[PDB]
Q: 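Below is one structure. I have some questions about it.
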Amino acid sequence: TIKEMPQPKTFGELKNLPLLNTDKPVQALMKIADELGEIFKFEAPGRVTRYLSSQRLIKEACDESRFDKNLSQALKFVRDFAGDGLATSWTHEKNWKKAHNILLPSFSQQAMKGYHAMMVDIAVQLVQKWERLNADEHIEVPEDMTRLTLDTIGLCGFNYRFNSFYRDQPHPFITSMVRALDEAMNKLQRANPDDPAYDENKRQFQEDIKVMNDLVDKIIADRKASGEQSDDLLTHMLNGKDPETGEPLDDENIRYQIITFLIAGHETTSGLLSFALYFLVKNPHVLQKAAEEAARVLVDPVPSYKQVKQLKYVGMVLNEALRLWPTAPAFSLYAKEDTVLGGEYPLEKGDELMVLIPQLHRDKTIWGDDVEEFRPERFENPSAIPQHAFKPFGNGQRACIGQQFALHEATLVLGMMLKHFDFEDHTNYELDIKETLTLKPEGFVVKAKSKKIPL
Ligand code: HEM
Ligand SMILES: [Zn+2]
């Protein structure tokens with residue numbers, strides 16, 4: 001049988017588009033899903049997408065023999081600076097498979113051991129900065145976490161120090177990257193792309209891409225010319241070879257991968273830490289229990305790799321923050337062939353499906369009826385979690401390569417925060433979620449009272 005798919009309010013020949021005019025599209029899409037259910041059609045001038053919200057359908061959509069990763073309009077605009085990096089490539093570009101296999105060993109749990117000390121390095125700068133604030137002052141949470149994640153990726157990725165914690169105005173590369181990312185997002189909602197009013201926007205965009213390219217190209221060229229072997233991803237990318245060509249990644253592609261790591265990882269990870277902390281201060285019983293685990297486990301001046309792994313509850317809190325607000329909230333797929341989804345919905349080859357992760361994570365048939373509650377205990381038994389139920393890192397071979405990295409980073413950082421300070425929600429902050437490529441709690445601020453424990 002064939003079921004007719006719901007469709008939200010239409011606005012004539014504008015179709016459903018005026019519904020995504022808002023500055024919070026994902027949140028708008030979730031409300032429609034709350035009204036229309038597990039699947040709905042979204043129609044735009046020339047374009048048709050289907051939105052998936054239930055585990056039942058998403059499960060099926062994640063069958064990689066039938067569906068593959070699609071480059072959404074957002075990723076196509078990002079590709080202007082991330083090029084054929086991992087996140088902005090079609091699965092069937094040869095550079096996708098080649099980079100994937102070369103870089104995979106660099107991102108395993110095991111590799112995390114090598115990154116550990118560099119992660120602690122930026123974490124201590126975080127801790128020492130908070131220790132030096134006057135009682136007077138407060139913390140801009142997502143701003144400080146972004147400072148930390150950029151610098152950790154900068155250092156772990158290509159042994160470069162942006163020194164974000166020691167400067168008012170950000171390092172030129174970061175200003176350009178931030179600006180170049182924002183323009184690429186602003187272009188999604190842009191009315192007349194060729195209008196002369198955007199001539200300066202267009203000009204700034206190319207300047208910022210050049211700033212980014214100059215630095216990363218210079219960094220690679222200098223490492224190559226110096227002829228010195230090192231820890232990081234750069235060395236691994238310069239020496240690592242494709243089994244069937246015998247060739248490593250070219251210098252342009254390596255630049256792409258490094259830009260990619262910065263863009264992909266910086267605000268997803270800091271959003272996670274900002275939402276973890278948001279939930280902790282709103283949920284004092286959970287804070288208490290996680291703070292108790294930090295004091296119990298983190299018995300050394302500075303945490304060890306092994307100690308971060310024993311922070312189970314902090315790991316559970318991060319997963320529950322990722323259930324409620326996955327920081328990269330959506331991912332896009334296409335039908336490889338003509339097919340039928342859920343036995344009711346026929347699909348044409350090439351049809352787009354968009355997985356809506358924050359609705360997937362609210363599937364009551366999976367999680368029960370307390371889906372809006374912050375309850376890390378949901379994750380005590382990982383085997384209790386059904387396949388394709390929890391997907392904040394994407395799917396299959398196109399899943400997040402930096403999942404181990406992001407989670408080690410966040411577990412370590414959050415542990416250290418909970419060990420060293422007590423936190424006050426001094427403004428009684430109302431959750432306001434800003435949407436760009438990622439999600440964050442905009443305007444989230446706290447005060448941290450030090451526990452006077454030395455590092
Ligand atoms: C908690 C933090 C993170 C979240 C929630 C997250 C989420 C995701 C998601 C949902 C995808 C798939 C997107 C799609 O299908 O279009 C993805 C892909 C990717 N992410 Fe992450 N990510 C995080 C951290 C990081 C970090 C730290 C890095 C730095 C290495 C990174 C690098 C990448 C890359 C390279 C891809 C493309 C993988 C491929 O297609 O081969 N991510 N991520
Ligand atoms: Zn057809």
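What you see below is based on every heavy atom in this structure, not just the backbone, and it leaves out hydrogens, waters and symmetry mates. Residue numbers count from 1 along this sequence.
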Q: Thinking salt bridges, do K202 and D199 make one under a 4.0 Å N-O criterion?
A: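 Looking at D199 together with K202, the answer is no, because their closest N to O distance does not fall below 4.0 Å.
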Q: Does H116 reach the main-chain N or O of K306 with its side chain, forming a donor-acceptor pair under 3.5 Å?
A: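 No.
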Q: Are a donor atom and an acceptor atom from the side chains of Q204 and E207 found within less than 3.5 Å of each other?
A: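 Side-chain D/A pair, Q204 to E207: present.
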Q: Strictly distance-based, threshold 3.5 Å: is any side-chain N or O of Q55 a donor or acceptor partner for the main-chain N or O of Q387?
A: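 Checked: pair present.
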Q: Kindly check if the number of other-residue, nucleotide or ligand heavy atoms within 6.0 Å of CD (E244) is above 12?
A: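 At most 12 heavy atoms, drawn from other residues, nucleotides or ligands, come within 6.0 Å of this atom.
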Q: On the ring face of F42, is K15 found with NZ or CZ under 6.0 Å from the centre and within 45° of the axis?
A: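 Verdict for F42: no cation-pi partner in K15.
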Q: Salt bridge (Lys or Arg N to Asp or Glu O under 4.0 Å): which pairs involve residues 92-107, sequence neighbours left out?
A: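 Matches after skipping sequence neighbours: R79-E93.
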Q: Please walk me through it: do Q229 and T235 pass side-chain hydrogen bond (donor to acceptor under 3.5 Å, both in side chains)?
A: CA-CA 6 Å; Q229 313 288 244; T235 294; 5.1 Å; no
Q: Under a 4.0 Å threshold between the charged nitrogen and the carboxylate oxygen, would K312 count as salt-bridged to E293?
A: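 Salt bridge: no.
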Q: Does the side chain of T149 reach to within under 4.5 Å of the side chain of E267, using non-hydrogen atoms?
A: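 The answer is no, as the side chains (C-beta and beyond) never meet within the 4.5 Å cut-off.
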Q: Could you go through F275 and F444, starting from their C-alpha distance and side-chain angles, then the distance that decides it, and tell me whether this counts as ring pair (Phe, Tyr, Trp, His ring centres under 6.0 Å)?
A: CA-CA 9 Å; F275 283 118; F444 181 39; 8.8 Å; no
Q: I'd like to know whether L29 forms a side chain to side chain contact (heavy atoms under 4.5 Å, CB included) with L356, so could you lay out the CA-CA distance, the side-chain angles of the two residues, the decisive distance to 0.1 Å, and finally the verdict.
A: CA-CA 8 Å; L29 286 159; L356 220 27; 4.2 Å; yes
Q: Check whether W367 forms a cation-pi arrangement with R323 (NZ or CZ under 6.0 Å from the six-membered ring centre, at most 45° off the ring normal).
A: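 Positive - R323 is close enough to the ring of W367 and near enough to its axis.
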Q: Hey, mind stepping through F405 and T269 against side chain to side chain contact (heavy atoms under 4.5 Å, CB included) and telling me if it holds?
A: CA-CA 9 Å; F405 195 98; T269 314; over 6 Å; no
Q: Assess the residue pair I32 and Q7 against the criterion (side chain to side chain contact (heavy atoms under 4.5 Å, CB included)); give the C-alpha distance rounded to whole Å, side-chain angles, the decisive distance to 0.1 Å, and a yes or no.
A: CA-CA 9 Å; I32 298 167; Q7 182 173 26; over 6 Å; no
Q: Side chains of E60 and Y345: do they bring a donor and an acceptor to under 3.5 Å?
A: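 No, no side-chain donor-acceptor pair sits under 3.5 Å.
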Q: Could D432 and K24 be called an ion pair, given the rule that one side-chain N must be under 4.0 Å from one carboxylate O?
A: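 Yes, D432 and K24 are salt-bridged.
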Q: For the rings on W96 and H100, is their centre-to-centre separation under 6.0 Å?
A: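 Between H100 and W96, which both carry aromatic rings, the centre distance is below 6.0 Å.
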Q: Can you list the steps and then say if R375 with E320 is a salt bridge (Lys or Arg N to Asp or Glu O under 4.0 Å)?
A: CA-CA 7 Å; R375 185 161 67 76; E320 179 73 345; over 6 Å; no
Q: Is a donor from one side chain sitting under 3.5 angstrom from an acceptor on the other, for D68 and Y334?
A: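 Side-chain D/A pair, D68 to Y334: present.
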Q: Does the side chain of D250 come within less than 4.5 Å of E252's, by heavy atoms?
A: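 Yes, close enough: below the 4.5 Å cut-off.
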Q: Restricting to non-hydrogen atoms, name the atom on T411 and the atom on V314 that form the minimum distance, rounded to 0.1 Å.
A: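 For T411 and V314, the tightest heavy-atom pair comes out as O-CG1, 3.9 Å.
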Q: Any side-chain to backbone donor/acceptor pair from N192 onto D194? Under 3.5 Å, distance only.
A: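 No; judged by distance alone, with no hydrogens or angles, the pair does not exist.
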Q: So which heavy atom on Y313 is nearest to which on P376, and how close?
A: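 Distance-wise, the nearest heavy atoms are OH-CG, 3.8 Å.
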Q: More than 12 heavy atoms of other residues, nucleotides or ligands under 6.0 Å from CD of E13: yes or no?
A: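 Not buried by this count: 12 neighbours or fewer within 6.0 Å.
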Q: Are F158 and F261 an aromatic pair, judged by ring center distance below 6.0 Å?
A: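 Between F261 and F158, the centre distance exceeds or equals 6.0 Å.
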Q: Testing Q359, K364, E38 for side-chain hydrogen bond (donor to acceptor under 3.5 Å, both in side chains) with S54, which one passes?
A: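 Going through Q359, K364, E38 one by one, the side-chain hydrogen bond (donor to acceptor under 3.5 Å, both in side chains) with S54 is satisfied by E38 alone.
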Q: Mind listing the closest non-hydrogen atom pair of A389 and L360 along with its distance?
A: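 Closest approach of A389 to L360: O-CG, 3.4 Å.
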Q: Does any N or O in the side chain of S89 come within less than 3.5 Å of the main-chain N or O of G85, such that one atom is a donor and the other an acceptor?
A: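 A pair under 3.5 Å: yes.
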Q: Can a side-chain donor-acceptor contact be found between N395 and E64 if the only test is distance below 3.5 angstrom?
A: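 No donor-acceptor contact under 3.5 Å links the two side chains.
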Q: For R161 and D121, run salt bridge (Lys or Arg N to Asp or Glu O under 4.0 Å): C-alpha distance rounded to whole Å, both residues' side-chain angles, the deciding distance at 0.1 Å, then the answer.
A: CA-CA 11 Å; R161 287 172 184 275; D121 182 310; 2.8 Å; yes
Q: Donor-acceptor check, side chain of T88 to backbone of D84, threshold 3.5 angstrom: yes or no?
A: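 Answer holds: no.
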Q: Apply the test side-chain hydrogen bond (donor to acceptor under 3.5 Å, both in side chains) to residues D23 and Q189: give CA-CA distance (whole Å), side-chain angles for both, the deciding distance (0.1 Å), then the verdict.
A: CA-CA 9 Å; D23 56 21; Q189 283 167 320; over 6 Å; no
Q: With distance as the sole test, does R47 use its side chain to make a donor-acceptor pair with the main-chain N or O of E43 at under 3.5 Å?
A: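 No.
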Q: Run the salt bridge (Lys or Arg N to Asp or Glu O under 4.0 Å) test on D144 and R147 for me, step by step, so that the C-alpha distance in whole Å, both residues' side-chain angles and the decisive distance to 0.1 Å come before the verdict.
A: CA-CA 5 Å; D144 266 353; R147 287 182 188 107; 2.8 Å; yes
Q: Could you give me the CA-CA distance, side-chain angles and deciding distance for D217 and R255, then say whether salt bridge (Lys or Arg N to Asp or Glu O under 4.0 Å) is met?
A: CA-CA 6 Å; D217 289 334; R255 170 233 280 176; 3.0 Å; yes
Q: For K282, is the NZ atom crowded, meaning more than 12 foreign heavy atoms sit under 6.0 Å from it?
A: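 Counting neighbours around NZ of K282, more than 12 heavy atoms of other residues, nucleotides or ligands fall under 6.0 Å, so yes.
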Q: Please walk me through it: do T327 and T268 pass side-chain hydrogen bond (donor to acceptor under 3.5 Å, both in side chains)?
A: CA-CA 5 Å; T327 50; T268 46; 5.0 Å; no
Q: What closest approach, in Å, do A61 and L52 show between heavy atoms, and which atom pair accounts for it?
A: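 Closest heavy-atom pair between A61 and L52: CB-CD2, 3.5 Å.
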Q: Taking the six-membered ring of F40 as reference, does the NZ or CZ atom of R50 fall below 6.0 Å from its centre and within a 45° cone about the axis?
A: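 Here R50 fails the 6.0 Å and 45° test against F40.
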Q: Keeping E247 on the side-chain end and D242 on the backbone end, is there a donor-acceptor pair under 3.5 Å?
A: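 Flag not set: sc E247 to bb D242 has no pair under 3.5 Å.
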Q: Has the side chain of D425 got a donor or acceptor atom that lies under 3.5 Å from a matching backbone atom of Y429?
A: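 Side chain of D425 to backbone of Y429: a pair is present.
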Q: I'd like to know if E183 pairs up with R190 as an ion pair, taking the criterion as any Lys NZ or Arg NE/NH1/NH2 lying under 4.0 Å from an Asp or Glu carboxylate oxygen.
A: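 Yes, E183 and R190 are salt-bridged.
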Q: When you look at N213 and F81, which way does the side chain to side chain contact (heavy atoms under 4.5 Å, CB included) test go after all the steps?
A: CA-CA 8 Å; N213 290 342; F81 47 93; 5.9 Å; no
Q: Any idea which heavy atoms bring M112 and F107 closest together, and the distance?
A: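 Closest approach of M112 to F107, heavy atoms only: CE-O, 3.7 Å.
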Q: Give a yes or no on whether a salt bridge exists between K434 and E442, defined as a side-chain N under 4.0 angstrom from a carboxylate O.
A: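 No, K434 and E442 are not salt-bridged.
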Q: Closer than 3.5 angstrom, by distance alone: can the side chain of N283 be matched with the main-chain N or O of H285 as a donor-acceptor pair?
A: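 It does not hold such a pair.
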Q: Do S332 and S72 meet the criterion of a side-chain donor-acceptor pair at a distance under 3.5 Å?
A: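 The answer is no; no qualifying pair exists.
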Q: Donor-acceptor check, side chain of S108 to backbone of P105, threshold 3.5 angstrom: yes or no?
A: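 Yes, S108 side chain to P105 backbone: donor-acceptor pair under 3.5 Å.
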Q: Begin from the C-alpha positions of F331 and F393 and carry the test ring pair (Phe, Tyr, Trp, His ring centres under 6.0 Å) through to its verdict.
A: CA-CA 10 Å; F331 68 92; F393 296 103; over 10 Å; no
Q: Looking at every heavy atom in both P172 and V211, which two are closest together, and how far apart are they?
A: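 Closest approach of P172 to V211, heavy atoms only: O-CG1, 3.8 Å.
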Q: Quick check, are the ring centers of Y115 and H408 under 6.0 angstrom apart?
A: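 So the answer is no for these two rings.
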Q: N95: what forms a side chain to side chain donor-acceptor pair (under 3.5 Å) with it, not counting sequence neighbours?
A: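 None.
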